[PDB]
Structure formats: structure tokens, C-alpha cells
Amino acid sequence: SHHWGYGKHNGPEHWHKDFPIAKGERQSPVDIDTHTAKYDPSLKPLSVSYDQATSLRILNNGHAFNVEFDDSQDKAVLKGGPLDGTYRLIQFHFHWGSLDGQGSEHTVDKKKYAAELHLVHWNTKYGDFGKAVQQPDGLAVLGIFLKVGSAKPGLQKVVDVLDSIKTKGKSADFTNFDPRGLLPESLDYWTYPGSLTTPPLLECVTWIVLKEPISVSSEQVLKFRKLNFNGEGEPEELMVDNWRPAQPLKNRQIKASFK
Ligand SMILES: O=N[O-]
Ligand SMILES: [Cu+2]
Ligand SMILES: [Cu+2]
């Protein structure tokens, strides 16, 4: 509730105290050195099957907002790419900055983007998300960078509900949202084994990071920056800079799906 966040006193440099895996061997995010990632011809195209996605709700959970999905059947699934089996979409959320020069979690040759989107999926062979996060191949997260330029139409429905979930713990019905509207044109990706980027930082994630950023407008990101980390009736702290910086790559190889 205040033991981890992104403030001066509970930010990413502090998380290892409650979550020692923060200094682990497969932590995320990382800097993607484009000259050192190796093309792997064995990597298959990613299969994003979001046609039957059922969004249910949007929740300000105090660190970001999550758009949640019905995951009791195979409705919105990620397959292929580096993955074995079927991974069901459970939620997506973003990380963003106070200024356009920062906000993403992953970086590319040290470049920081203005924000980053994460679509979170779990492996169905484990039956539920809570069991899946306990497995090294339990989750697959699709990461997408945001830059400031032209507006992203498929984001505006998210932007316009944010006034109704300004503060922590507020939720709003959020049915019939189509996550395909947040994807860039190309599904070229880098992939590496990593972790959740918020506590509990479990090392259960196959990361799939798209090379092509999406563009959003200055006004859209300005509305993200009006959210609050705090609950209603508490001192206003703008929800900005909710990103973990790049972590050591250690004994990992980032593979590229492209030449
Ligand atoms: O928030 N990333 O798992
Ligand atoms: Cu806390
Ligand atoms: Cu995330």
C-alpha cells in the first residue's frame, strides 16, 4: 500500500528489500543493444489472437491502471513466437514519464521512449494466473513503446475514462475494449527471459518487445499524467514516472526475430 512505488523513498532502487529477487538473474526491464541482439531464424511469427477478447473493467491500482479481461476460457491468447502452448490475456497496463524524454522501461541503445505498454498473458497448462506466475514459463508479456507525435486513436477510449479512475482503488466498467488498437504495424520483436517489472518481480516471464513504437499525442500523454497514485481524499501525487529502469542483462541473450 506505501511499501513500494515510484517516489523518492519507495522507488525501484528500494524494492530489493522486500523482494530480493529484484537482484536476480533474469530481471526486467533491460536495455536492448540492437548491435548485440542476435537474429534467431528459429523464432516463429508471433500469434496475437485477440478477436474474442472480453475486457471487463479498468482499475487504478495505485501504480498504474489495468484494463482486465475474462480469462476463464481461451478468448484472447498469445501463441507462437518463442512460446510453447497457449497464453491467455489477463490484463494490460502502461508505464510513462513526467516529460517526453523518459517513461519507458525497456530502452533501445539507451534511448528512452515517452511510455511503454505491457499486455500480460498466462500459460494455460497451469490452470490459473496464480499458479502460472510460479513457473519459469508461466507468463508471456508483450511490450510496446510509445513516442509523442500524432495521436493514437485506439488509445482514446482509455484516455477518456481516466477521469473516472483518477485515484487508487477506483474501477470502472470497461467492456468491449479492443486491444488490437494498441499494436504497431510490425510484430518484429526482441525476446528474452525475464520477470515482472513490479513486485513480486517473479521470474516467470517470456518478454516479447516490439521494435516499432506506437505514436501518441502530447494531449494523450498529458492525460495519463493527470492520474493520481493516491486514493481519493489524500494529497495529490501525479501518477508519472511509474517505470523501472533497465536492469543487468547477466547471462541472457536477447534474440531478434528480424534482420
Ligand atoms: O509490469 N511488468 O510486468
Ligand atoms: Cu505498500
Ligand atoms: Cu508493466
Side-chain angles (χ1 to χ4, degrees), residues 1-19 21-22 24 26-32 58-69 71 78 83 87-97 102-107 112-123 129-130 132-146 155 158 167-169 179 182-183 189-210 213-214 224 227-231 234-235 237 239-247:
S1 150
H2 57 295
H3 66 292
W4 75 263
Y6 301 94
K8 299 178 232 127
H9 300 97
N10 66 353
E13 69 276 22
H14 296 272
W15 295 352
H16 69 98
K17 290 177 278 176
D18 272 323
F19 305 96
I21 204 173
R26 61 174 270 190
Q27 290 288 293
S28 296
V30 300
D31 180 57
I32 300 163
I58 188 171
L59 170 69
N60 179 334
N61 63 20
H63 323 270
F65 59 86
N66 284 358
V67 173
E68 301 162 353
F69 290 80
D71 65 349
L78 186 65
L83 309 170
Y87 292 68
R88 274 181 200 175
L89 176 70
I90 180 165
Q91 52 95 343
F92 71 77
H93 60 272
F94 301 79
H95 306 270
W96 62 94
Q102 63 198 52
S104 65
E105 292 206 316
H106 293 90
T107 57
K112 294 175 168 88
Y113 286 89
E116 185 172 334
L117 164 64
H118 290 162
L119 297 123
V120 179
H121 313 73
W122 59 272
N123 194 327
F129 177 86
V133 295
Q134 296 171 66
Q135 322 294 330
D137 61 350
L139 297 192
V141 182
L142 184 57
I144 306 177
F145 294 117
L146 283 63
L155 186 57
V158 175
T167 53
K168 174 174 51 164
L182 301 175
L183 305 173
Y189 63 88
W190 298 283
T191 182
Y192 73 94
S195 70
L196 309 173
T197 69
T198 57
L201 302 169
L202 290 176
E203 287 177 343
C204 60
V205 180
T206 303
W207 275 93
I208 302 169
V209 177
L210 301 187
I214 62 169
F224 277 26
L227 285 163
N228 284 6
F229 285 130
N230 52 280
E234 295 171 358
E237 196 49 15
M239 185 178 283
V240 296
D241 293 316
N242 59 350
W243 48 278
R244 187 186 198 193
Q247 301 304 304

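Note that these values count all heavy atoms, side chains included, but never hydrogens, waters or copies made by symmetry. Numbers here are sequence positions counted from 1. We count ligands from 1, going down the list as the structure has it; atoms in each ligand are counted the same way.
- How far CD of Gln247 is from CG of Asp31: 11.5 Å, rounded to the nearest 0.5 Å.
- Checking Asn123 against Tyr87 by side-chain atom types alone, a donor-acceptor pair falls below 3.5 Å.
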Handout entry: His95/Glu105 under side chain to side chain donor-acceptor pair (under 3.5 Å): CA gap, chis, key distance, verdict
Key = CA-CA 7 Å; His95 306 270; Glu105 292 206 316; 3.2 Å; yes

Side-chain donor-acceptor contacts of residues 202-209 below 3.5 Å, not counting sequence neighbours, with atom names and distances?
from, atom 1, to, atom 2, distance (Å)
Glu203, OE2, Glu25, N, 3.4
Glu203, OE2, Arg26, N, 3.0
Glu203, OE2, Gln27, NE2, 3.1
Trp207, NE1, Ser28, OG, 3.0
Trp207, NE1, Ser195, O, 2.9

Distance-only donor-acceptor pairs under 3.5 Å for side chains of residues 135-143, two or more places apart:
from, atom 1, to, atom 2, distance (Å)
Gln135, NE2, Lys131, O, 3.2
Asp137, OD1, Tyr126, OH, 2.6

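- In this structure a side-chain-to-backbone donor-acceptor pair under 3.5 Å is missing from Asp18 to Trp15.
- Take the Cu ion (ligand 3) and draw a sphere of radius 2.8 Å; the protein N/O/S atoms inside it number 3.
- Ring geometry for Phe94 versus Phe65: interplanar angle of 30 to 60°, hence tilted.
- In this structure, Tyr192 has its ring center closer than 6.0 angstrom to the ring center of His106.
- Protein N/O/S atoms closer than 2.8 Å to the Cu ion (ligand 2), listed by chain and residue number, are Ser1 N, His2 N, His3 N, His3 ND1.
- Surrounding NZ of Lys112 are at most 12 heavy atoms belonging to other residues, nucleotides or ligands under 6.0 Å away.
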